[PDB]
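**Student:** Supplied in structure tokens, the structure appears directly below.
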Amino acid sequence: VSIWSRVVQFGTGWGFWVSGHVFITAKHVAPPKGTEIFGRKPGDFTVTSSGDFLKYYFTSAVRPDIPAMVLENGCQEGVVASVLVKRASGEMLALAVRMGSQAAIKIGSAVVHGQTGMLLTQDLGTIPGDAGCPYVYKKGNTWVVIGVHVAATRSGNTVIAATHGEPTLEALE
């Protein structure tokens, strides 16, 4: 699809334009908080994190050309999604992954929640440094994004996606 263009190198990893204003990535690849990014200084944007999910909101659209997509909080187990892996070479691998159940993890010093998935099918699969690449699927007749890649199991086909879910309560003052 044209979409592959949304995926871009970022810090020590990758990230994704959900909308003109919204850029998501894996928190551990991101450059330190308050770094000048895409030629914007802090204050041009607002960053919300959620585990190892990291969302930048830009007051002014940074990618004006691009439509919004729906950003779900993970998806149902058994749904077949697809990871959009770009490699530094520019090579583009659509990896199919059947999504699984939730699962905690440690990124160093910090336990973080994710949805696991089991890569469907040699060379193949993921590497560290794919972190950030998105997981997306076709819900009925259109496409949504459900999380970002964080890591893959030493053993075989299992991968973890970080997810972002909207807050449901609020504290006062």
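Going through the structure tokens in order, the chains are called A, B, and so on, while each chain numbers its residues from 1 and the ligands are numbered from 1 in the order shown.
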Per DSSP on the backbone, filter chain A down to the residues in strand (DSSP E or B) and report them as a PyMOL selection string.
**Tutor:** chain A and resi 7-10+13-17+22-26+37+40+45-50+53-58+70-71+80-86+92-107+110-119+134-139+142-152+158-162
**Student:** Can you write just those residues out, C-alpha atoms, as a JSON list (two decimals), in the first residue's frame?
**Tutor:**
```json
[["chain", "number", "residue", "atom", "x", "y", "z"],
["A", 7, "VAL", "CA", 7.03, 4.04, 8.72],
["A", 8, "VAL", "CA", 10.20, 5.96, 9.43],
["A", 9, "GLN", "CA", 13.53, 5.67, 11.21],
["A", 10, "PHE", "CA", 13.43, 7.15, 14.62],
["A", 13, "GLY", "CA", 14.46, 2.23, 15.90],
["A", 14, "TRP", "CA", 11.31, 3.12, 13.99],
["A", 15, "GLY", "CA", 7.94, 4.86, 14.24],
["A", 16, "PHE", "CA", 4.61, 5.51, 12.61],
["A", 17, "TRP", "CA", 2.41, 8.44, 11.58],
["A", 22, "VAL", "CA", 0.33, 11.80, 15.76],
["A", 23, "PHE", "CA", 3.54, 9.83, 15.77],
["A", 24, "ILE", "CA", 3.93, 6.61, 17.71],
["A", 25, "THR", "CA", 6.99, 4.56, 18.47],
["A", 26, "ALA", "CA", 8.57, 2.25, 21.09],
["A", 37, "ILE", "CA", 12.65, 16.19, 16.74],
["A", 40, "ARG", "CA", 10.23, 20.91, 16.27],
["A", 45, "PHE", "CA", 4.36, 18.66, 20.81],
["A", 46, "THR", "CA", 3.03, 16.68, 23.72],
["A", 47, "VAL", "CA", 4.17, 13.15, 24.54],
["A", 48, "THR", "CA", 2.06, 10.52, 26.21],
["A", 49, "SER", "CA", 3.58, 7.19, 27.15],
["A", 50, "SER", "CA", 1.89, 3.91, 27.97],
["A", 53, "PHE", "CA", 4.23, 2.69, 23.76],
["A", 54, "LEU", "CA", 5.06, 6.33, 23.11],
["A", 55, "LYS", "CA", 2.83, 8.80, 21.37],
["A", 56, "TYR", "CA", 3.78, 12.25, 20.16],
["A", 57, "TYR", "CA", 0.98, 14.75, 19.43],
["A", 58, "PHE", "CA", 1.99, 17.72, 17.36],
["A", 70, "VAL", "CA", -7.90, 4.31, 13.85],
["A", 71, "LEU", "CA", -5.49, 3.45, 16.68],
["A", 80, "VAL", "CA", -4.28, -12.23, 12.07],
["A", 81, "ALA", "CA", -2.39, -8.91, 11.93],
["A", 82, "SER", "CA", 0.68, -7.85, 10.02],
["A", 83, "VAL", "CA", 3.85, -6.14, 11.10],
["A", 84, "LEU", "CA", 5.38, -3.56, 8.87],
["A", 85, "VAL", "CA", 9.08, -4.13, 9.15],
["A", 86, "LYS", "CA", 11.44, -1.75, 7.44],
["A", 92, "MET", "CA", 10.04, -3.85, 3.43],
["A", 93, "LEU", "CA", 8.81, -7.14, 4.96],
["A", 94, "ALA", "CA", 5.10, -7.61, 5.64],
["A", 95, "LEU", "CA", 5.25, -10.29, 8.35],
["A", 96, "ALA", "CA", 1.99, -11.99, 9.17],
["A", 97, "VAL", "CA", 1.45, -12.63, 12.89],
["A", 98, "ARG", "CA", -1.48, -14.23, 14.70],
["A", 99, "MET", "CA", -2.11, -12.09, 17.80],
["A", 100, "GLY", "CA", -2.32, -13.72, 21.19],
["A", 101, "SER", "CA", -2.85, -12.90, 24.85],
["A", 102, "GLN", "CA", -1.49, -10.13, 26.94],
["A", 103, "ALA", "CA", 1.85, -10.54, 28.71],
["A", 104, "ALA", "CA", 4.13, -8.48, 30.87],
["A", 105, "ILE", "CA", 7.85, -8.01, 30.13],
["A", 106, "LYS", "CA", 10.83, -6.16, 31.46],
["A", 107, "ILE", "CA", 12.48, -3.59, 29.43],
["A", 110, "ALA", "CA", 10.69, -1.49, 34.13],
["A", 111, "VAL", "CA", 7.83, -3.96, 33.67],
["A", 112, "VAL", "CA", 5.64, -3.27, 30.75],
["A", 113, "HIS", "CA", 2.51, -4.77, 29.24],
["A", 114, "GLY", "CA", 2.12, -6.05, 25.66],
["A", 115, "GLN", "CA", 0.15, -8.30, 23.43],
["A", 116, "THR", "CA", 2.03, -11.30, 22.19],
["A", 117, "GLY", "CA", 1.76, -12.70, 18.71],
["A", 118, "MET", "CA", 2.98, -15.82, 17.02],
["A", 119, "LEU", "CA", 4.70, -15.24, 13.65],
["A", 134, "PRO", "CA", 3.61, -1.11, 13.64],
["A", 135, "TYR", "CA", 1.09, -3.90, 13.76],
["A", 136, "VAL", "CA", -1.93, -3.33, 11.63],
["A", 137, "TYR", "CA", -4.93, -5.21, 10.36],
["A", 138, "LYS", "CA", -7.87, -5.11, 8.14],
["A", 139, "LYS", "CA", -10.97, -4.82, 10.23],
["A", 142, "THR", "CA", -10.48, -1.09, 6.21],
["A", 143, "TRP", "CA", -7.17, -0.83, 8.18],
["A", 144, "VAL", "CA", -6.32, 0.06, 11.83],
["A", 145, "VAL", "CA", -3.12, 0.07, 13.86],
["A", 146, "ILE", "CA", -3.05, -1.76, 17.12],
["A", 147, "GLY", "CA", 0.46, -1.38, 18.46],
["A", 148, "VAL", "CA", 4.17, -1.11, 17.94],
["A", 149, "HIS", "CA", 6.76, -3.83, 17.96],
["A", 150, "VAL", "CA", 8.95, -4.01, 21.05],
["A", 151, "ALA", "CA", 10.75, -7.39, 20.80],
["A", 152, "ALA", "CA", 10.75, -11.04, 19.81],
["A", 158, "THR", "CA", 6.74, -15.11, 19.38],
["A", 159, "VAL", "CA", 6.80, -11.35, 19.29],
["A", 160, "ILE", "CA", 5.50, -8.64, 21.52],
["A", 161, "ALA", "CA", 3.63, -5.55, 20.62],
["A", 162, "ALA", "CA", 3.21, -2.50, 22.88]]
```
**Student:** List every residue of chain A that DSSP, applied to the backbone of this structure, assigns to helix (DSSP H, G or I), and report them as an mmCIF file with C-alpha atoms, in the first residue's frame.
**Tutor:**
```
data_model
loop_
_atom_site.group_PDB
_atom_site.id
_atom_site.type_symbol
_atom_site.label_atom_id
_atom_site.label_comp_id
_atom_site.auth_asym_id
_atom_site.auth_seq_id
_atom_site.Cartn_x
_atom_site.Cartn_y
_atom_site.Cartn_z
ATOM 1 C CA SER A 2 1.051 3.654 -0.095
ATOM 2 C CA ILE A 3 1.100 3.350 3.797
ATOM 3 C CA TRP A 4 4.602 1.918 3.998
ATOM 4 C CA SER A 5 5.682 5.564 3.666
ATOM 5 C CA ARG A 6 4.338 6.215 7.226
#
```
**Student:** Quote the spacing between CA of residue 20 in chain A and CA of residue 61 in chain A in Å to one decimal place.
**Tutor:**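 Taking CA of residue 20 in chain A as the start and CA of residue 61 in chain A as the end point, the length is 4.7 Å.
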**Student:** Restricting the calculation to only C-alpha atoms, which member of A:59, A:87, A:18, A:73 is positioned closest to residue 167 in chain A?
**Tutor:**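 The closest residue to residue 167 in chain A is A:73.
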**Student:** Looking at A:171, A:62, A:67, A:129, which one is nearest to residue 30 in chain A, with distances taken over only C-alpha atoms?
**Tutor:**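 Checking each of A:171, A:62, A:67, A:129 against residue 30 in chain A, counting only C-alpha atoms, the winner is A:129.
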